[PDB]
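**Q** Sharing a structure below in structure tokens format, with a few things to ask.
2 protein chains.
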Amino acid sequence: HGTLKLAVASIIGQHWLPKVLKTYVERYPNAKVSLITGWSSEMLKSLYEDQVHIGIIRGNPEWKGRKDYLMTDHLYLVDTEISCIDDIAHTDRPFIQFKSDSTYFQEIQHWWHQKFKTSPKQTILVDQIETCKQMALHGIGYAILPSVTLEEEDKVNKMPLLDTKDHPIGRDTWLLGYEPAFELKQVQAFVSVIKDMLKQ
Amino acid sequence: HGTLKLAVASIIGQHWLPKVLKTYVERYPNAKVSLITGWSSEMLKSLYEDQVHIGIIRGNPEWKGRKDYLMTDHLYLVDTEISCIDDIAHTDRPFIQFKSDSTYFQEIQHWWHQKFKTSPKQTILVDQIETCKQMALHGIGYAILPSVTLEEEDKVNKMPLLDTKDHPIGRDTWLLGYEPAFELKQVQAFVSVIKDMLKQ
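Which chain is which? The protein sequence lines are L and B, in order. Each position in the first sequence, counted from 1, maps to that position plus 1152 in our numbering. Each position in the second sequence, counted from 1, maps to that position plus 1152 in our numbering.
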């Protein structure tokens, strides 16, 4: 029962993985866990280069190994004052806007263009989603966040992002590895903890 | 006015920078900000390669431009169960350790060797500090965090780390940047806002 090496997308590492690691540690005391985090592209690279056993990756990664769908969450435009999502096309509050090399940024641009037929205000550009949340909780402006980072208790208005046909805009999260990893007892225990937690 | 390109150490970007940025947007509407985060070394290296105007770096960075001391925070051990820091030399409760290329990790090994005359049991190694905090908040184990990441709303016991000679153990945060950037106007209004902030 050796060391489990994980490469996990940042918002997952922050918001979803802790509860999984709690159960993993509860069932397997003193099992060693090594965790790196970051952009999805970076964690995929790490997994591709044999540096970890398992990647948890968002988006739609192409992968010639084992790939398990985990979950989907949906985008919300959050703000402290604005209550109605149509006002966002006129307000003077800045668009705090996450941007990495994933498709998250492009897809919000596409939604904005289609819904409002205008372009959004490239004022504040941030390279990590959690800083967007924080900056938005502090009233600086509004933000578009995946619901995996939101809680009901968050003092901020929650406005569903819907496409032109009123369908919530989603993002997927996958678990990825090559066959040798899945033969390891600690990888298998971790996967088993995950596929337990998904039914909750 | 011009667009301010910041590089901030991750924990600063999340915990300290949002209030600094709120005031800066409050006094300067339509002023654009662009923010990359990460390890101090990575933001130092980016500042050196002219990608940003201003770096907010942690530790003791060597720098041959302008270096403004900013603040000092102190290391706290946190756990949901453990209330006395001497308990940890004897607990099967796991140790959640942040580790990067900065001195942070070896600083803590040194304090531990010098206080408990033993080595800490490495079970959980993670590569970003906020992930340590969350995993500590989730009761998984104890962590050692800088106070800038802590709040009283954080439902964990917080225990100050003191060296062999009764003294709290600190890390500093600086503000670096080459002379030209400080000529630029938005940099001056941001350096300003910071220093007028710090006056409580």
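Don't be surprised by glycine CBs; every beta carbon is placed ideally from N, CA and C.
Return the bridge partner residues of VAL1230 of chain L from the DSSP annotation.
**A** In DSSP, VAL1230 of chain L forms a bridge with L:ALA1295, L:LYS1310.
**Q** Hey, does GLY1165 of chain B have any beta-carbon neighbour from chain L nearer than 8 angstroms?
**A** So yes, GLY1165 of chain B belongs to the interface.
**Q** Would you report the Cα separation of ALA1159 of chain L and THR1270 of chain B, rounded to the nearest angstrom?
**A** Each residue's alpha carbon lies about 30 angstroms from the other.
**Q** Is any beta-carbon of chain L found at less than 8 angstroms from that of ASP1244 of chain B?
**A** With 8 angstroms as the cut-off, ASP1244 of chain B counts as an interface residue toward chain L.
**Q** Under the DSSP definition of a beta bridge, which residues are partnered with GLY1322 of chain L?
**A** Answer by DSSP bridge pairing, in chain order: L:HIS1226.
**Q** Between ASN1309 of chain L and chain B, is the shortest Cβ-Cβ distance under 8 angstroms, so that the two count as touching?
**A** So no, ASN1309 of chain L is outside the interface.
**Q** Suppose you measure from the CA of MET1195 of chain B to the CA of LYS1317 of chain L; what does that come to, to the nearest Å?
**A** Looking at the two C-alpha atoms, the distance is approximately 42 angstroms.
**Q** Looking at the C-beta of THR1189 of chain B, does it have a partner C-beta in chain L at a distance below 8 angstroms?
**A** Yes, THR1189 of chain B lies at the interface with chain L (some Cβ there is under 8 angstroms from its Cβ).
**Q** Is the shortest distance between the beta-carbon of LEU1302 of chain L and the beta-carbons of chain B less than 8 angstroms?
**A** Not one chain B Cβ lies under 8 angstroms of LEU1302 of chain L.
**Q** Could you check where the beta strand (DSSP E) with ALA1161 of chain B kicks off and where it finishes?
**A** Counting along the chain, the beta strand (DSSP E) containing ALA1161 of chain B begins and ends at 1156-1161.
**Q** Per the contact definition of three or more C-beta pairs closer than 8 angstroms, is the region 1161-1177 of chain B in contact with the region 1179-1197 of chain L?
**A** Flag = no, the region 1179-1197 of chain L and the region 1161-1177 of chain B do not touch.
**Q** Between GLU1303 of chain L and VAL1172 of chain B, what straight-line distance do the alpha-carbon atoms span, to the nearest angstrom?
**A** In a straight line, the C-alpha of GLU1303 of chain L is about 25 angstroms away from that of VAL1172 of chain B.
**Q** Can you pull the chain L residues whose beta carbon is under 7 angstroms from the beta carbon of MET1287 of chain B, in chain order?
**A** By Cβ distance, chain L contributes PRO1170, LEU1173.
**Q** Please specify which runs of the alpha helix (DSSP H), each continuous and at least 4 residues long, are wholly inside the region 1155-1224 of chain L, giving them in chain order.
**A** Counting whole runs of 4 or more residues, the region 1155-1224 of chain L contains the alpha helix (DSSP H) stretches 1162-1167, 1169-1179, 1192-1200.
**Q** Beta strand (DSSP E) containing residue 1353 of chain B: first to last residue?
**A** Residue coverage of chain B in this structure runs from 1153 to 1352, which leaves residue 1353 of chain B outside it and unanswerable.
**Q** Would you verify that the beta carbon of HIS1290 of chain B is, or is not, closer than 8 angstroms to some beta carbon of chain L?
**A** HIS1290 of chain B counts as touching chain L.
**Q** Is it a yes or a no for the region 1315-1330 of chain B touching the region 1218-1233 of chain B, going by three-plus beta-carbon pairs under 8 angstroms?
**A** The region 1315-1330 of chain B, when compared against the region 1218-1233 of chain B, does touch it at the 8 angstroms Cβ threshold.
**Q** Rounded to a whole number of angstroms, what is the C-alpha to C-alpha distance between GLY1293 of chain B and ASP1348 of chain L?
**A** Their Cα atoms are separated by approximately 22 angstroms.
**Q** To the nearest angstrom, report how far apart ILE1234 of chain B and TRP1215 of chain B are at their CA atoms.
**A** Roughly 40 angstroms between the two C-alpha positions.
**Q** Using 10 angstroms around the beta-carbon of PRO1181 of chain L, count the other beta-carbons present and answer buried if the total reaches 16, otherwise exposed.
**A** It is exposed - the Cβ of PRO1181 of chain L has fewer than 16 other Cβ atoms within 10 Å.
**Q** Taking buried to mean at least 16 other C-beta atoms within 10 Å of its own C-beta, is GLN1352 of chain B buried or exposed?
**A** With fewer than 16 Cβ atoms within 10 Å of its Cβ, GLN1352 of chain B is classed as exposed.
**Q** For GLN1352 of chain B, which three-state DSSP category applies?
**A** Coil at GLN1352 of chain B, not helix or strand.
**Q** For chain B, is any of its Cβ atoms less than 8 angstroms away from the one on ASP1225 of chain L?
**A** No - not a single Cβ of chain B is within 8 angstroms of the one on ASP1225 of chain L.
**Q** DSSP three-state label for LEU1328 of chain L, please.
**A** Correct three-state label for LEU1328 of chain L: strand.
**Q** Can you check whether the CB of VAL1278 of chain B is closer than 8 angstroms to the CB of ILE1237 of chain B?
**A** Not in contact: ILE1237 of chain B and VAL1278 of chain B (Cβ atoms no closer than 8 angstroms).
**Q** Closer than 9 angstroms, Cβ to Cβ, to anything on chain L: give me those residues from the region 1263-1277 of chain B, in chain order.
**A** The residues in question are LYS1273, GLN1274, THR1275, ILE1276, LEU1277.
**Q** Is there a C-beta anywhere in chain L that falls below 8 angstroms from the one on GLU1305 of chain B?
**A** Taking Cβ atoms only, chain L never reaches closer than 8 angstroms to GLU1305 of chain B, which makes this a no.
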